[PDB]
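Shown below, as structure tokens, is a lone chain in the form deposited in one PDB entry; questions about how it binds or moves come after it.
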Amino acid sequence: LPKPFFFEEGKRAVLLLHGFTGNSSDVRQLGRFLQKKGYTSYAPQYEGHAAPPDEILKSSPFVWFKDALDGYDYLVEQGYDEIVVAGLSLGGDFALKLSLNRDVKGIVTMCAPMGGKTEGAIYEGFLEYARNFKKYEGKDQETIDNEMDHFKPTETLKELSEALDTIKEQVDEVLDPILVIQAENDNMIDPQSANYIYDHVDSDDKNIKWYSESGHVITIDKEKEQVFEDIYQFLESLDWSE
């Protein structure tokens, strides 16, 4: 089961945030790519994640945001003033909100949703997350159905819906340079969310890129090297002190 990572190179640092029911391995290759370019990167994990799915149900999205803020403060503790935040799916929503609470050099959202519509796509996915996990646990097929009929996700998925709506009303306060990344054929979020973000931030420096062959977990799909390179292009265009 995955764990956070910290790759120390130069003085320019990137904070990487994963998605709902994801973990650090979703952003690890991107961490290795940035390291080879000389960027330091740090990837925390939210509470309940990289763990049995019941742990998520005992948690709250409002904890998960603090895990992101603690990520930023950790980088600063370790000696890094100048930090870009880059976030995947839900993590992309957190990156937007984090920029309103800490000094960042820039923002990168990757397939970040706009709107707390948790029905349909988000619902079945939490269910499948527990299916393949209860399978990973080595549970017979008769068992997997038993604790599944005892899985109540309505609580957790509803705090998630409020949290997202709050952040949607906040996009108009974002000011820092931004790169919006969105997969064209997304089955999980509404890909029009990327247009909502690009059009409504108050940034003076913004950019949107579309990928025509990837899925929602874009950092591990077939076009990922292209996505890494466009992120690098963005980072090099900011005003690092060094």
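Heads up, when I say rigid core I mean the largest set of C-alphas that superpose within 1.5 Å between the two forms. Numbering starts at 1 and follows the sequence shown.
There is another form of the same protein, the form deposited in another entry; it is not shown, and what comes next is about it.
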Shifting its Cα by 2 Å or more between this form and the one not shown with the rigid core aligned, the only one of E119, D103, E77, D172 is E119
Against the displayed form, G19 vs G116 by Cα, in the other entry, with 3 angstroms or more change: pair is farther
Per the comparison in the other entry, the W64 and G116 C-alpha atoms (change 3 Å or more) are positioned farther
